[PDB]
Amino acid sequence: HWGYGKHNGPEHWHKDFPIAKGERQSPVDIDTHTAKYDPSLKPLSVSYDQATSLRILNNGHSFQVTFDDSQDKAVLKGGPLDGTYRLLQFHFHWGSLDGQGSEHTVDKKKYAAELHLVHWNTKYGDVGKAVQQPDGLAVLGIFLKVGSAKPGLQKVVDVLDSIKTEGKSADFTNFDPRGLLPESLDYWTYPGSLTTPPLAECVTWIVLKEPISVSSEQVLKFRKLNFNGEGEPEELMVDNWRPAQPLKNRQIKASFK
Ligand SMILES: O=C1NS(=O)(=O)c2cc(-n3cc(CCO[C@H]4O[C@@H](CO)[C@@H](O)[C@H](O)[C@@H]4O)nn3)ccc21
Ligand SMILES: O=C1NS(=O)(=O)c2cc(-n3cc(CCO[C@H]4O[C@@H](CO)[C@@H](O)[C@H](O)[C@@H]4O)nn3)ccc21
Ligand SMILES: [Zn+2]
Ligand SMILES: [Zn+2]
């Protein structure tokens, strides 16, 4: 009923999810010359030392690594946020070729991929309640460019052969998501939405300025995953990105000059 193909892709999503044409949809193009430096924005606090990864799963739209969010173990605070947001999962969006794959763009530039670390506001008790609130989630977005390998991604890439098709999962304990972060935490921020159905308008977006570099071999492994289930016609999981949506009545703020 929804995907990234011609007949069920982003241009169709509004029929089942009318909020797709809403006032705070994501992703957006980040126009760097219109984003305003906000000296009131605090440094982002990423506290991932006690993260407990659980599983890696092909859900037919991406692959995701899930975390134990039943306690304040891996949390995001600070930056534009009030209160504490627990890490639930990370996943990626990527392209069929290196010149596309990201969801956010920077002055219309598309990156080869984009990493989303999804966190929810503990004031609302569980993620299902958080997605119904305008400040319920915080998603840390990180761009990927192709160049050198990212050592902290290799443990992910090497297990993808075991979750090739929709529905497959595997144990993925003791994975440290700090290994996926760039050096700088300079960021842009704006209020937006989930980028997949149900497209709920519950996200404070925090998009890092500095991309991470991954190797061509690493992204090639992303592109060997399948959207389909085992035994169905093979359709490579590539181009699983929603394009930029209208900014409408929103301001993007920068944490840096
Ligand atoms: O593709 C995307 N770009 S995204 O960052 O906007 C983004 C955000 C999301 N979210 C959806 C939800 C609602 C609960 O669902 C979650 O239920 C948990 C168990 O409680 C997890 O087991 C499970 O992983 C799942 O995520 N929260 N975030 C999904 C896709 C995307
Ligand atoms: O003194 C200040 N420092 S400030 O930068 O914090 C600041 C911000 C503001 N505003 C922020 C907004 C919400 C976004 O709407 C904005 O985006 C445009 C394109 O999106 C149009 O919708 C509209 O023209 C608009 O510019 N409205 N006003 C006013 C004064 C000051
Ligand atoms: Zn469906
Ligand atoms: Zn995402």
Side-chain angles (χ1 to χ4, degrees), residues 4 44 46-76 84-95 101-104 111-122 126-128 130-131 137-144 149-182 185 194-197 203 205-208 211-215 217-227 229 237-238 240-242:
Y4 296 93
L44 192 64
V46 185
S47 299
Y48 286 173
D49 190 69
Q50 291 306 118
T52 293
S53 60
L54 296 173
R55 308 286 296 173
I56 192 171
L57 165 73
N58 180 331
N59 58 34
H61 311 287
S62 184
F63 72 87
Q64 83 181 67
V65 176
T66 61
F67 290 78
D68 175 16
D69 63 344
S70 71
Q71 270 186 108
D72 283 8
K73 281 183 154 163
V75 302
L76 187 64
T84 300
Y85 289 69
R86 290 187 187 156
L87 179 63
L88 169 65
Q89 55 105 328
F90 70 76
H91 62 272
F92 298 83
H93 307 265
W94 61 91
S102 67
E103 293 203 311
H104 294 90
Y111 288 87
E114 189 173 327
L115 164 60
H116 289 164
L117 297 119
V118 181
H119 313 72
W120 57 272
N121 194 331
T122 61
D126 67 70
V127 67
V131 295
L137 273 54
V139 184
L140 186 58
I142 303 175
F143 295 120
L144 279 62
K150 190 65 169 177
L153 181 63
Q154 192 56 35
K155 281 206 244 193
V156 171
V157 152
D158 279 334
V159 83
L160 292 181
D161 285 343
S162 74
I163 57 158
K164 180 177 165 168
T165 46
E166 178 174 10
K168 289 196 173 288
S169 67
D171 181 271
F172 203 69
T173 53
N174 304 105
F175 179 79
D176 185 352
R178 292 177 291 191
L180 300 172
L181 305 176
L185 296 177
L194 309 179
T195 68
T196 50
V203 180
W205 276 97
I206 301 168
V207 180
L208 298 189
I212 60 168
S213 299
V214 303
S215 64
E217 294 81 10
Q218 292 179 315
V219 71
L220 170 46
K221 287 167 155 292
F222 285 11
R223 295 181 183 142
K224 295 174 100 133
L225 294 163
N226 283 4
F227 283 128
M237 177 184 290
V238 293
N240 58 345
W241 49 279
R242 190 189 195 190

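Quick note: numbers below take in every heavy atom, side chains included, and nothing from hydrogens, waters or symmetry partners. Just so you know, residue 1 is the first one in the sequence shown, and it goes up from there.
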I want to check something: taking the side chain as every heavy atom from C-beta on, are [X] and [Y] in contact at a cut-off of under 4.5 Å?
X    : Y    : answer
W94  : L144 : no
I142 : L117 : yes
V139 : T195 : no
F222 : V157 : yes
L137 : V118 : yes
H104 : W205 : yes
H116 : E103 : yes

For the side chain of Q64 and the backbone of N59, is there at least one donor-acceptor N/O pair under 3.5 Å apart?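 Answer holds: no.
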
If only atom types and distance count, is the side chain of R86 paired as donor or acceptor with the main-chain N or O of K73 below 3.5 Å? no

Minimum heavy-atom distance between [X] and [Y], given as atom pair plus value:
X    : Y    : result
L208 : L185 : CD2-O, 3.8 Å
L181 : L140 : CD2-CD2, 4.3 Å
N174 : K155 : O-NZ, 4.4 Å
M237 : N226 : CE-O, 3.5 Å
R242 : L194 : NH1-O, 4.3 Å
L76  : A138 : CD2-CB, 4.1 Å

Set of ring pair (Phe, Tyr, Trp, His ring centres under 6.0 Å) partners for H61, sequence neighbours left out: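 Applying ring pair (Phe, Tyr, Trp, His ring centres under 6.0 Å) to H61 gives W2.
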
Among residues at least two apart in sequence or on other chains, which ones pass ring pair (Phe, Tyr, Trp, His ring centres under 6.0 Å) with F143? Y111

Stepwise side-chain contact (heavy atoms from CB on, under 4.5 Å) test for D69 and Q89: CA-CA 9 Å; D69 63 344; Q89 55 105 328; over 6 Å; no

List the steps and the verdict of side-chain contact (heavy atoms from CB on, under 4.5 Å) for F90 and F175. CA-CA 12 Å; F90 70 76; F175 179 79; 3.6 Å; yes

Can you list every pair that meets side-chain hydrogen bond (donor to acceptor under 3.5 Å, both in side chains) and has a residue in residues 160-170, with sequence neighbours left out? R55-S169

With rounding to the nearest 0.5 Å, note down the distance linking [atom1] in [X] to [atom2] in [Y].
X    : Y    : atom1 : atom2 : result
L44  : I206 : CG    : CD1   : 5.0 Å
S62  : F92  : OG    : CZ    : 8.0 Å
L57  : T66  : CG    : OG1   : 7.5 Å
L87  : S53  : CG    : OG    : 10.0 Å
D126 : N121 : CG    : CG    : 11.5 Å
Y85  : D72  : OH    : CG    : 13.0 Å

Give the C-alpha distance, both sets of side-chain angles, the deciding distance and a yes or no for side-chain contact (heavy atoms from CB on, under 4.5 Å) between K224 and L220. CA-CA 7 Å; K224 295 174 100 133; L220 170 46; 4.3 Å; yes

What's the verdict on side-chain contact (heavy atoms from CB on, under 4.5 Å) for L180 and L153, showing C-alpha distance, side-chain angles and the deciding distance? CA-CA 6 Å; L180 300 172; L153 181 63; 3.9 Å; yes

Is the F172 to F63 ring centre distance short of 6.0 Å?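 No, the ring of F172 stays outside the 6.0 Å limit from the ring of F63, centre to centre.
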
